[PDB]
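The chain that follows stands alone, in the form deposited in one PDB entry, written as structure tokens.
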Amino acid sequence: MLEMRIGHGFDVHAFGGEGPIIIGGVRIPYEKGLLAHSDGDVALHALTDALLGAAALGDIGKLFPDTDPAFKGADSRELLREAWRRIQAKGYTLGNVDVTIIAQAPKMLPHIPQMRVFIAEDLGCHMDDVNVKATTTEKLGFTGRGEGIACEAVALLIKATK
């Protein structure tokens, strides 16, 4: 008995105050920062949700409530590793993941290798199983007007029974 499972995640955060932003674990210089209870790290959030979705464990909002102040300013990589620990406790292993950052700016391409390192590390997998890409929406929408950043992820999990 070998089971394969598909998952999908989507997240948005608004720009706010200032600092760098944090995306896929990488600190990226930018005129403004991300408003969140959190890292605001939309890439890891969308990814975490894709993983929980494939395991039918719900999503980050269920596992890590807005209400609990133990998650205020939390490293989104902590959340990813925690979510992943539980996924593994139900007997799943990683097939592969693919992430799509939707942002007008800043440039994501230079930071993609480092994101993959962080993600592969956090998921205890080889980098070959992690893909991250970016698209701009050509000045259209809330993304295109520089009001915020959106991100999607899909994930494939494997489970042996065997």
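The first residue of the shown sequence is 1; numbering continues from there. If you superpose the two forms and keep the largest set of C-alpha atoms that fall within 1.5 Å, you have the rigid core.
The same protein also has a form deposited in another entry, omitted here; what follows describes it.
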Subject >> Core-superposed comparison between this form and the one not shown - Cα displaced by 2 angstroms or more, from 29, 69, 110, 124 >> reply: 69
**OP:** With a shift of at least 3 angstroms, figure out whether the C-alpha spacing between residue 71 and residue 86 grows or shrinks in the other entry: closer or farther?
**Re:** closer
**OP:** Pin down for me whether the residue 106-residue 73 Cα distance shrinks or grows in the other entry relative to this form (closer or farther, change of 3 Å or more).
**Re:** farther
